[PDB]
2 protein chains.
Amino acid sequence: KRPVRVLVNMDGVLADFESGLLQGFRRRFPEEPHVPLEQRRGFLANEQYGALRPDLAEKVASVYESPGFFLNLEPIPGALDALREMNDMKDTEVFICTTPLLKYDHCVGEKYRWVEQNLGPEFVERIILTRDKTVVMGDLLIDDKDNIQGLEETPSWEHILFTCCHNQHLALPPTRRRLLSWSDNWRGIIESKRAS
Amino acid sequence: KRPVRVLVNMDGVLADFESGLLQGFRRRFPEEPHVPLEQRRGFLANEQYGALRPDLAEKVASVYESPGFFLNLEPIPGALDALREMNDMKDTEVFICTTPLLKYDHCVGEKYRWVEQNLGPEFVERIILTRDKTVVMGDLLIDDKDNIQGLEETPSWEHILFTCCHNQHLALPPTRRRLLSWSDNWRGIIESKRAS
Ligand SMILES: Nc1nc2c(ncn2[C@H]2C[C@H](O)[C@@H](COP(=O)(O)O)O2)c(=O)[nH]1
Ligand SMILES: Nc1nc2c(ncn2[C@H]2C[C@H](O)[C@@H](COP(=O)(O)O)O2)c(=O)[nH]1
Ligand SMILES: [Mg+2]
Ligand SMILES: [Mg+2]
């Protein structure tokens, strides 16, 4: 009876943060070692760059902390079509659920404008900003972060791992479901939740 | 056993939106009719000003849509002391839960900076921005809005009505609890929830 509610993450799922960070890094520090997308491992890019050479952590962070960085991210392939499709499904409710940087200054505002410009004013109404996704109530959370924790020990949602460069090689127990891309069958996953 | 989680609203509860709007209106439109705080009725100020005279709705909105308006709000009396006290209580979890304007441009960013400057970086981590509070999981919601609705028919929280100029004369059924101000016994209300 109930509609199925789907929480959809922003960076790594709708907005291509990883491609935008690499392109920004190579343009600004053309002389420096970089991490090709295929070689990304672990959720935080600055930690990987820092393991390469300590000062590069600060350098890569200066890219995502710049004015215009979040504003100008390109969409993830197929994301805008899929989210429009999903939003029009009957008895289906969509929210966009995103964690801003602690350096919020050029992040929070740019994220609202990104959604307005790439999706539309109607989607702006459905943004939730939070540093703890476990306190948001939904049936599914589609998110590229490997392991999501916070104050609620047993969240109401099932986490569906959205495949991204940094989690592609990650081994998951059979109980954890993945979405390989927006061409994978996210429609069937929604139906599995309705059925329970 | 569980900690008690308290969602605390921003405008009308921590930040004095109503006093800041009136002061801004009288300074910018000194020649126009105004609504004294004591005479405020109903949640939306622009609707009341619009009922006074149609063009005044647009004029009052121009105040809260200005750069610097959210940034510079004064705190509600006793709010900063009480939220610090509450946050240090054992087995008690606090989040700040706020709805931004659909005209987000000078609202979203200013709200983050308000919390940093009036409360501290630690409180910035606990902001949730949403247009639907019913999908946020907590035990209590302390909020000045008369009636809170959204997609979840039976929210997990009990709404505690925080008294404000615009809701002071509102008659509520005996089942609805009010907080008269931050000098009223919010500590006992938290204990009532722990007990269940
Ligand atoms: N500190 C830090 N934050 C990062 C890094 N990469 C991405 N982020 C932040 C940027 C976004 O605001 C936030 C996205 O979180 P999420 O909503 O779970 O996709 O993650 C990084 O390398 N270091
Ligand atoms: N459109 C409109 N919005 C208002 C008015 N007064 C306050 N607001 C908005 C400003 C805040 O972003 C939002 C606060 O909602 P809340 O989180 O429930 O306290 O309410 C008004 O008169 N008209
Ligand atoms: Mg993400
Ligand atoms: Mg309020």
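Please read every residue number as a count from 1 along the shown chain.
The backbone N, Cα and C atoms fix where each Cβ goes, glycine too.
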Practice prompt. Determine which of A:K133, A:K193 appears in Swiss-Prot for the same substrate site as A:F17, A:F43, A:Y64, A:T98.
Written response: A:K133
Practice prompt. From A:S156, A:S181, name the one Swiss-Prot lists as phosphoserine.
Written response: A:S181
Worksheet item: If we check Cα distances from A:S181 (phosphoserine), which of the binding-site residues A:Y64, A:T98, A:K133 wins as closest?
Response: A:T98
Worksheet item: Which has the fewest other CB atoms in a 10 Å radius around its CB: A:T98, A:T99, A:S181, the listed recorded positions?
Response: A:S181
Fill in: Contacting recorded positions for ligand 3, chosen from A:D11, A:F43, A:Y64, A:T98, A:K133 when the Cβ sits under 6 angstroms of any of its atoms
A:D11
Discussion item. Please give the maximum pairwise Cα distance, in Å and rounded to a whole number, for the substrate-binding set A:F17, A:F43, A:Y64, A:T98, A:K133.
Written reply: 22
Worksheet item: Can you count the other CB atoms that lie within 10 A of the CB of A:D11 (active site, proton donor)?
Response: 22
Discussion item. To the nearest Å, how far is the Cα of A:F17 (substrate binding site) from the Cα of A:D11 (active site, proton donor)?
Written reply: 6
